[PDB]
Structure formats: structure tokens, C-alpha cells
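In terms of PDB author numbering, the sequence shown is numbered consecutively and its last residue is 328.
Note that beta-carbon positions come from the ideal geometry of N, C-alpha and C, so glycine has one too.
Notes for the one structure printed next.
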Amino acid sequence: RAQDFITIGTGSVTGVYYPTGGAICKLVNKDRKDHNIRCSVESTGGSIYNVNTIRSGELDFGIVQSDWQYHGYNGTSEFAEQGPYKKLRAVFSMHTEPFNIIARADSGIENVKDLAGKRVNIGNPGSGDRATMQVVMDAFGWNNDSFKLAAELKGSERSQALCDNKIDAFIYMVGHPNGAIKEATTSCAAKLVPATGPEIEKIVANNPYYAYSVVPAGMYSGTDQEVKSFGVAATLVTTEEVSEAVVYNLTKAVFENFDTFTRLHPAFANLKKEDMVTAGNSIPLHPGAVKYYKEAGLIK
Ligand SMILES: N[C@@H](CCC(=O)O)C(=O)O
Ligand code: NA
Ligand code: NA
Ligand code: NA
Ligand code: NA
Ligand code: NA
């Protein structure tokens with residue numbers, strides 16, 4: 029854990045986490061001559077890899093879905109074999125990430141229940157995509173054999189596979205707009221498919237980090253009505269092992285430059301400082317973040 033160099037783990041290069049890490053690092057790096065922190069971004073497999081690799085020491089921060097923030101801390105669900113990681117700390121939360129289904133026009137897939145018996149990219153092993161897909165799979169009584177093909181491509185390979193007719197649909201736990209879904213919809217005629225019904229309703233009712241989501245009509249070519257699903261929040265997490273001064277300066281960089289931050293990616297346009305402190309954060313805030321929030325009056 030260096031005091032003067034930090035690495036943020038994100039996701040595939042055509043998702044939202046990757047440019048989010050870039051935006052955070054830009055706001056840290058602009059004052060590196062003062063606080064001495066150089067911030068670097070890594071593209072990664074996603075939430076699960078990010079938690080595990082903060083733990084093993086190679087990442088200082090990671091962008092992690094609110095459900096895997098909770099389970100990574102507690103050593104539950106996807107993290108059960110790894111055991112608890114009670115040093116994990118929240119920093120702030122960010123944009124909403126719906127459970128998106130992106131299907132071929134000819135796929136016959138009109139809702140989440142239609143994924144069974146199709147070629148479905150359920151997600152790569154390090155991703156929040158695959159881990160939250162397992163939750164959906166649980167709700168339906170599905171296993172990997174419920175699909176004709178349970179493909180595990182990382183995010184930046186999914187649109188090509190869908191358009192090349194190697195899968196009927198891919199799922200993606202991701203904010204909007206993003207490049208992967210823009211490509212599939214605007215260059216290969218894919219559709220965004222809702223996830224509704226009693227199984228999704230149970231998922232939302234039974235968990236505080238799953239809430240109903242809506243993608244508006246016009247977000248993407250060809251999706252001409254709004255699309256309902258459920259969603260999580262993207263969150264920035266770290267470890268107690270990272271120094272309070274480092275987390276303080278990173279948190280201050282984002283919040284004291286909030287009007288700039290919310291101009292850096294269209295997914296950030298409607299963030300609210302107060303919600304960023306609490307929403308989607310179910311584990312202790314890092315003391316360095318708390319220190320800034322108390323200075324700013326966001327925590328009394
Ligand atoms: N939530 C996805 C990443 C989404 C993104 O890259 O923006 C994951 O944890 O795998
Ligand atoms: Na899992
Ligand atoms: Na809920
Ligand atoms: Na603004
Ligand atoms: Na507004
Ligand atoms: Na909270």
C-alpha cells in the first residue's frame with residue numbers, strides 16, 4: 029500500500045466502470061503536485077475480481093456492485109469459498125446498473141424467463157454480471173444446463189458474439205448509456221429486453237440492494253418503449269489497509285469537483301452528493317472518506 033500511487037480496478041473497456049475509474053483518477057491526478065498521489069486505472073473482469081484483488085493487494089480501490097459490496101465484506105454467496113473480507117470499506121456510490129438483457133431480433137426472447145433454452149452469455153467468472161446472473165438463476169431454479177450454451181465472454185466481446193450469431197442474448201449489469209449496448213443496438217439490430225415477473229419481484233422484495241429499474245425509450249436505437257428490470261448501484265470500495273490520507277484525498281477530489289465529475293460521463297448526470305454517501309453502501313465507510321464527509325457537512 030503506497031501513499032503516493034493507487035490503482036483502481038474497473039471492468040471491460042466498453043462498459044461504464046472503466047471510464048469511471050478514468051474520471052476519478054483524472055480528478056486525483058490534477059493535484060498530484062500537492063497530495064503526491066498518482067492514480068492509475070486497470071481494466072478488469074469486474075466486481076468479483078475487484079474485491080478479490082483488493083484483498084490480495086494488487087488493487088487499492090475497485091468499482092463494485094452494491095450486492096457484491098455486501099457479499100464481499102461478509103464472505104457470502106459468490107464469496108463463500110473466499111471467506112469474509114471484513115477489511116473492505118465503502119467510499120461512495122455512483123450510477124445505477126440495471127440487469128440488462130441484450131437479445132437478437134430473431135431470438136424469441138421477450139422477457140427474462142425466455143432465457144432458458146437459448147444461447148446466453150451469462151458472464152465471465154470475475155464479473156458482477158455472472159454473479160448477479162446466478163441470483164436470477166436461483167430465483168428460476170436454473171443451472172448452467174438450463175441454457176443451450178452458457179457463454180462466459182467478457183464485456184467487450186459480447187456485442188460481436190451476438191451480432192455474429194454465436195449467442196441469442198447476453199446479460200450485462202451496467203449503467204447507461206454504454207458502448208457495448210450501443211454497438212449491438214446501433215450496428216447489429218439488437219433489442220433491450222425487460223426482466224419482469226414473479227421471480228424478479230421476489231428478488232427485489234427480498235434484498236435491499238435490488239430495486240426496480242427503468243431504461244427510457246430512446247436510450248438506444250430500436251428500443252422504442254421503456255424497459256423495466258431490476259438494478260444495483262455502482263460503488264467505489266477500498267480496504268482499511270489503504271491510508272486515511274489517501275482515501276481522504278480521493279474522496280475530496282471527487283466531491284469538491286462534483287460539478288466537473290458529473291460532466292465526465294453521461295451516467296453521472298443525475299448523481300446527488302447525499303445519496304453518494306449512503307445509497308448502495310451497506311458496509312463501513314473508510315475513515316478517510318468519513319473525515320472528508322464530516323468536513324463537508326455530509327455526515328454530522
Ligand atoms: N457491474 C459489472 C461491470 C459494469 C461496467 O463495466 O460498467 C461487473 O461488476 O462486472
Ligand atoms: Na456466484
Ligand atoms: Na429491494
Ligand atoms: Na450538474
Ligand atoms: Na437534473
Ligand atoms: Na446505506
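{"query": "May I ask you to report which of helix, strand or coil DSSP gives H123?", "result": "strand"}
{"query": "Do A239 and ligand 3 come close, with the Cβ less than 7 Å from some heavy atom?", "result": "yes"}
{"query": "Can you give the Cα-Cα distance for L326 and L264, rounded to whole angstroms?", "result": "17 Å"}
{"query": "Are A189 and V148 close, meaning C-beta to C-beta below 8 Å?", "result": "no"}
{"query": "Quick one: Cα of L143 to Cα of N298, how far?", "result": "32 Å"}
{"query": "Pick helix, strand or coil for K280, following the three-state DSSP scheme.", "result": "helix"}
{"query": "Considering just the uninterrupted stretch of the alpha helix (DSSP H) at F286, what are its terminal residues?", "result": "286–289"}
{"query": "Once the 5 residues before and after residue 6 are set aside, which same chain residues still bring their CB inside 6 Å of it?", "result": "Residue 6 falls outside the range modelled here, since the chain spans only 29 to 328, and no answer is possible."}
{"query": "DSSP three-state label for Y320, please.", "result": "helix"}
{"query": "When you measure from the CB of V163 to every non-hydrogen atom of ligand 3, does any distance come out below 7 Å?", "result": "no"}
{"query": "For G100, tell me which candidate among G154, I76, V274 has the shortest Cα-Cα distance.", "result": "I76"}
{"query": "Could you please give the first and the last residue of the uninterrupted beta strand (DSSP E) stretch that includes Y200?", "result": "197–201"}
{"query": "Counting along the chain, where does the alpha helix (DSSP H) carrying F175 start and finish?", "result": "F175 -> no alpha helix (DSSP H), and no H or E assigned at all."}
{"query": "Please say whether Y237 and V202 have beta carbons closer to each other than 8 Å?", "result": "no"}
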